[PDB]
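There are 2 protein chains.
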Amino acid sequence: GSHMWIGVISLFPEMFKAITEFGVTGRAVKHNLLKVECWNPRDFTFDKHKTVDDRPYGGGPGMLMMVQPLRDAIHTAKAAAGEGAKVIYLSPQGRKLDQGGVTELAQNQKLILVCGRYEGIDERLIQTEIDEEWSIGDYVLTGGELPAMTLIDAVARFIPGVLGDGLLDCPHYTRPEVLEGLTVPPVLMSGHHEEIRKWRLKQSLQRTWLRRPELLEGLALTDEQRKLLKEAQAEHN
Amino acid sequence: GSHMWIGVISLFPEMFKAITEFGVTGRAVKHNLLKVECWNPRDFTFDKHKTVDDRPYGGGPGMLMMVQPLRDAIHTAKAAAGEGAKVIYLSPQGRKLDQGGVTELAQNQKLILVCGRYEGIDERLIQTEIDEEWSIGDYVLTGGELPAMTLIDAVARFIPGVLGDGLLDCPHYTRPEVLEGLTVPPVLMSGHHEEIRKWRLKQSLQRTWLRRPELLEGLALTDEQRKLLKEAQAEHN
Ligand SMILES: COc1ccccc1CNc1ccc(C(N)=O)cn1
Ligand SMILES: COc1ccccc1CNc1ccc(C(N)=O)cn1
């Protein structure tokens, strides 16, 4: 159906086995709903030692990705992708990823994800080769590979066939009925589907209010949600 | 020195090869600065088919992790960890991870990371077994493994020997001197270390202001930073 092709530029393509070989994403790859293809800048070097890093102009402690191997790898991935592929660079300086941003990225049938190492890539390559710069969160990692895999996993959930409202999820319970003295809320045993739906929605509203109140500010609550939230806040007091 | 031990509870322990076998984190593991030990709930099942999921009370589309295998795996990891280990559950409902939160978590010499699959774990296990619940970002994934690896990588950077201010990083440049007509800022060639430091700081301030203005609100800028930021905003106008 709406399959997705993701090209990856990475010095450590074997890291991507974590998503291509296991779980829901591994099944998506096996079933051809998701295709992940990697190019390694090390394969585009020409010197004896296959050098992939370079020193920044102006000095400093860190290194950058060497331009020539990385640029050639990107160009090769773009040629394999054809037209319509969006090239994404993962960095702390990028647009912060959220579920809304995931749904936007999932609209692309083709993506190329550039995984920086060291202190990242040359600023001019961002200008000449990168369409969009994204961050998975306000923290620093040793490479863009984990952010790239996180993005792949999140967008894969929107591909039809891969899987089997602004609020945090409600609590969930399974067997057994009592666990270290803690019982399951009786409503979940009642079999009354409408009471269960309202209980879960009310719990999601209460949990969002208590834990992430700023998420509620970005929402236009329905009539039902306004009432259940008021009830939850009244019981809390 | 300040080595770190991280126990992991996961149905897919082989995903963690992505951090234990490659790059800076793989070296940290090889050098015994970081130890990652995994327990798989599937090994704690007793039925013929090694069942690790269970149905939620109250119905619904999703499944939960089965309590008994997961609980036994957690208890085994806690016994291997000894005293002082903090047990962390990765979920979208958790505290949002940022670099400040990474530095807090890195203060622990021992961590146990519980990786949920399906719709997560029973709420009572969070109450009885989990010390802290964290999220790597406001998006949903197919498992907690990628969040757990992201956390491991971020905290590993604070372990002394693993590697070789609230603002986004400045642009960086490497060879060649001209790339598709784009030149390197002459100051970075000048060799004047003080001018380079001020240029980079000014660029970091300008970039944070243009891209993530809310990050500036949480900062008490130094005298030098206030001046360079004013200069950047004046040149922008
Ligand atoms: C200092 O490292 C870099 C510097 C610049 C670019 C890439 C890297 C690689 N590391 C990353 C990558 C992405 C994210 C994120 N928040 O999306 C976090 N870390
Ligand atoms: C619906 O999935 C779950 C539901 C509940 C718990 C765990 C999972 C596993 N998936 C995750 C895990 C963590 C994060 C995060 N933002 O840290 C995102 N997704």
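First to last, the protein sequences are chains A and A'. A prime marks a further copy of an entry chain. Per the authors' numbering: the first sequence = residues -2 to 161, 173 to 245. Per the authors' numbering: the second sequence = residues -2 to 161, 173 to 245. Cβ coordinates follow ideal geometry from the N, Cα and C atoms, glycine included.
Would you call the CB atoms of residue i and residue j closer than 8 Å?
{"i": "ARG121 of chain A", "j": "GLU188 of chain A'", "result": "yes"}
{"i": "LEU87 of chain A", "j": "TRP131 of chain A", "result": "yes"}
{"i": "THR139 of chain A", "j": "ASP150 of chain A'", "result": "yes"}
{"i": "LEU110 of chain A", "j": "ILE3 of chain A", "result": "yes"}
{"i": "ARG154 of chain A", "j": "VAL84 of chain A'", "result": "no"}
{"i": "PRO58 of chain A", "j": "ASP177 of chain A'", "result": "no"}
{"i": "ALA78 of chain A", "j": "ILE6 of chain A", "result": "no"}
{"i": "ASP44 of chain A", "j": "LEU61 of chain A", "result": "no"}
{"i": "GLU11 of chain A", "j": "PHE9 of chain A'", "result": "no"}
{"i": "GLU185 of chain A'", "j": "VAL192 of chain A'", "result": "yes"}
{"i": "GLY55 of chain A'", "j": "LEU190 of chain A", "result": "no"}
{"i": "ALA240 of chain A", "j": "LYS210 of chain A", "result": "yes"}
{"i": "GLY158 of chain A", "j": "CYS112 of chain A", "result": "no"}
{"i": "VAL64 of chain A'", "j": "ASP128 of chain A'", "result": "no"}
Report the rounded CA-to-CA distance for residue i versus residue j, giving the unit in angstroms.
{"i": "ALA145 of chain A'", "j": "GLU126 of chain A'", "result": "17 Å"}
{"i": "residue 165 of chain A'", "j": "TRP217 of chain A'", "result": "For chain A', the structure lists 161 followed at once by 173, and that leaves residue 165 of chain A' out of the model."}
{"i": "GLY98 of chain A", "j": "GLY134 of chain A", "result": "12 Å"}
{"i": "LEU143 of chain A'", "j": "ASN245 of chain A'", "result": "42 Å"}
{"i": "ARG92 of chain A", "j": "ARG219 of chain A'", "result": "8 Å"}
{"i": "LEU102 of chain A'", "j": "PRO221 of chain A'", "result": "26 Å"}
{"i": "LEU30 of chain A", "j": "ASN105 of chain A", "result": "14 Å"}
{"i": "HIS200 of chain A'", "j": "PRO194 of chain A'", "result": "11 Å"}
{"i": "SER198 of chain A'", "j": "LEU237 of chain A'", "result": "22 Å"}
{"i": "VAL152 of chain A'", "j": "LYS107 of chain A'", "result": "12 Å"}
{"i": "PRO53 of chain A", "j": "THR100 of chain A", "result": "36 Å"}
{"i": "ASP69 of chain A'", "j": "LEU94 of chain A'", "result": "28 Å"}
{"i": "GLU243 of chain A'", "j": "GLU80 of chain A", "result": "38 Å"}
{"i": "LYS235 of chain A'", "j": "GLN214 of chain A'", "result": "12 Å"}
{"i": "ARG183 of chain A", "j": "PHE41 of chain A'", "result": "16 Å"}
{"i": "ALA76 of chain A'", "j": "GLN124 of chain A'", "result": "19 Å"}
{"i": "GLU225 of chain A'", "j": "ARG114 of chain A", "result": "29 Å"}
{"i": "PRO179 of chain A'", "j": "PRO179 of chain A", "result": "44 Å"}
{"i": "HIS28 of chain A", "j": "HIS28 of chain A'", "result": "39 Å"}
{"i": "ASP231 of chain A", "j": "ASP231 of chain A'", "result": "50 Å"}
Regarding residue i and ligand 3, is the C-beta to nearest heavy atom distance less than 7 Å?
{"i": "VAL137 of chain A", "result": "Inclusion of ligand 3 in the displayed structure is not the case, the ligand content consisting of ligand 1 and ligand 2 alone."}
So which of the options has the shortest CA-CA distance to residue i?
{"i": "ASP173 of chain A", "options": "A:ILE204, A:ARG208, A:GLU142 and A:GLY199", "result": "A:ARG208"}
{"i": "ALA82 of chain A'", "options": "A':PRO194, A':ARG219 and A':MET1", "result": "A':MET1"}
{"i": "residue 261 of chain A'", "options": "A':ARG220, A':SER212 and A':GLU243", "result": "In this structure chain A' extends from -2 to 245, so residue 261 of chain A' is not present and cannot be described."}
{"i": "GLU116 of chain A", "options": "A':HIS46, A':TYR181 and A':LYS27", "result": "A':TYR181"}
{"i": "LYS47 of chain A", "options": "A:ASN29, A:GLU225, A:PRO66 and A:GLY59", "result": "A:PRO66"}
{"i": "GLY161 of chain A'", "options": "A':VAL5, A':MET12 and A':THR22", "result": "A':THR22"}
{"i": "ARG39 of chain A'", "options": "A':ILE71, A':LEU224 and A':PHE13", "result": "A':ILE71"}
{"i": "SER(-1) of chain A", "options": "A:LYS235, A:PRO53, A:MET12 and A:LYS32", "result": "A:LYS32"}
{"i": "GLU34 of chain A", "options": "A:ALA240, A:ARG52, A:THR42 and A:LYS14", "result": "A:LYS14"}
{"i": "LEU223 of chain A", "options": "A:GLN96, A:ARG68 and A:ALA76", "result": "A:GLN96"}
{"i": "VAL26 of chain A", "options": "A:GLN214, A:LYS235, A:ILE156 and A:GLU225", "result": "A:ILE156"}
{"i": "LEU227 of chain A'", "options": "A':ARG114, A':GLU80, A':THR42 and A':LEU175", "result": "A':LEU175"}
TODO: Would you mind listing the alpha helix (DSSP H) stretches within the segment 54 to 109 of chain A that are 4+ residues and don't spill past its ends, in chain order?
DONE: Fully enclosed alpha helix (DSSP H) runs of 4 or longer: 64 to 78 and 96 to 102.
- [ ] Taking only beta carbons into account, state which residues of the segment 118 to 145 of chain A' come closer than 7 Å to chain A, listed in chain order.
- [x] Those residues of the segment 118 to 145 of chain A' that come within reach of chain A (Cβ to Cβ, closer than 7 Å) are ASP119, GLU120, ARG121, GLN124, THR125, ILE133, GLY134, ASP135, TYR136, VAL137, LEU138, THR139, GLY140 and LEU143.
Open item on the list: Could you tell me which whole alpha helix (DSSP H) segments of length 4 or greater appear in the segment 133 to 157 of chain A?
Closed with: 142 to 153
Task: Interface positions of the segment 17 to 39 of chain A facing chain A' (Cβ-Cβ less than 8 Å), listed along the chain - done: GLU18, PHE19, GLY20, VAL21 and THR22
TODO: Compile a chain-ordered list of the residues in the segment 218 to 229 of chain A whose CB is closer than 9 Å to at least one CB of chain A'.
DONE: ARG219, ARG220 and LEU223
Task: Chain-ordered residues of the segment 94 to 119 of chain A with a beta carbon less than 9 Å from chain A' - done: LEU94, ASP95, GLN96, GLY97, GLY98, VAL99, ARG114, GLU116, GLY117, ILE118 and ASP119
TODO: Name, going along the chain, the residues of the segment 83 to 94 of chain A whose beta-carbon falls closer than 9 Å to a beta-carbon of chain A'.
DONE: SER88, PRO89, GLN90, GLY91, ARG92, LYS93 and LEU94
Open item on the list: Any C-beta of chain A' within less than 9 Å: which residues of the segment 57 to 71 of chain A qualify?
Closed with: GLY57, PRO58, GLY59, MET60, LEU61, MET62, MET63, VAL64, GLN65 and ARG68
- [ ] Quick one: which residues of the segment 5 to 17 of chain A get their C-beta closer than 9 Å to a C-beta of chain A'? List them in chain order.
- [x] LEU8, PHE9, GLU11, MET12, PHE13, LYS14, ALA15 and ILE16
TODO: Give, in chain order, every residue of the segment 185 to 197 of chain A' whose Cβ lies closer than 7 Å to some Cβ of chain A.
DONE: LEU187, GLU188, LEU190, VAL192, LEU196 and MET197
- [ ] Return the chain-ordered ranges of every alpha helix (DSSP H) run that is complete within the segment 176 to 227 of chain A' and spans a minimum of 4 residues.
- [x] 195 to 198, 201 to 219 and 221 to 225
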